[PDB]
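A.B. asks: compute the structure for the input listed below.
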Amino acid sequence: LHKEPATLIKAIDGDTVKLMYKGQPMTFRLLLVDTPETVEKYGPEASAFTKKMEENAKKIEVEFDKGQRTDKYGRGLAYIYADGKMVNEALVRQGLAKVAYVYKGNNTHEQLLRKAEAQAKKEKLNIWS
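C.D. replies: Numbering: from 1, shown residues only. Below, you will see the structure:
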């Protein structure tokens with residue numbers, strides 16, 4: 001997998017963000033994460049977390065996996081990086097999201113995320129409170 005540059009347009013919530021990708025605006029859905037919807041418990045926490053991480057970043061990069069690249073709603077399915085730090089992973093590690101079921105072969109980082117989740121659970125962080 002290879003990372004590509006992107007520019008933040010607008011943070012929508014915990015699991016979705018609008019980015020300028022290859023010259024055009026596009027909505028992306030973060031791969032392998034399930035964040036509380038915004039209003040479920042920790043929903044606003046997850047949203048603020050993602051928003052702060054994305055808006056303060058110098059560089060935003062998108063990384064598509066090896067499976068299908070867009071869901072039924074036209075959203076791109078990818079791992080998002082803020083200054084080299086994967087947002088998908090940070091959310092799970094901080095206990096603000098759970099690892100979702102693999103979707104159409106997009107599982108390159110499933111183990112990485114599963115381990116981050118086990119640690120958040122052991123630390124009883126937020127959702128695991």
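
A.B. asks: tell me what whichever strand or helix holds residue 118 is packed against?
C.D. replies: Element membership of residue 118 [criterion: DSSP states H and E] is helix 110-122. Under the contact criterion of 3 or more Cβ pairs under 8 Å, 6 or more residues apart in numbering; DSSP states H and E, helix 110-122 touches helix 87-93, strand 98-99. No exception for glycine: its C-beta is placed from N, CA and C like everyone else's.

A.B. asks: contacts for the helix or strand containing residue 47, please.
C.D. replies: Here residue 47 sits within helix 43-55, counting by DSSP H and E. Identification of contacts with helix 43-55 by Cβ atoms under 8 Å, 6 or more residues apart in numbering yields 8, 11, 13-15, 17, 35-38, 60, 80, 82, 85, 87, 90-91, 94, 96-97, 126.

A.B. asks: buried stuff in that helix?
C.D. replies: Going by neighbour count (16 or more other Cβ atoms under 10 Å), the buried part of helix 43-55 is 43, 45, 46, 47, 49, 50, 51, 53, 54.

A.B. asks: repeat that for stretch 53-63.
C.D. replies: By neighbour count on 16+ other Cβ under 10 Å, the buried set for stretch 53-63 is 53, 54, 57, 60, 61, 62, 63.
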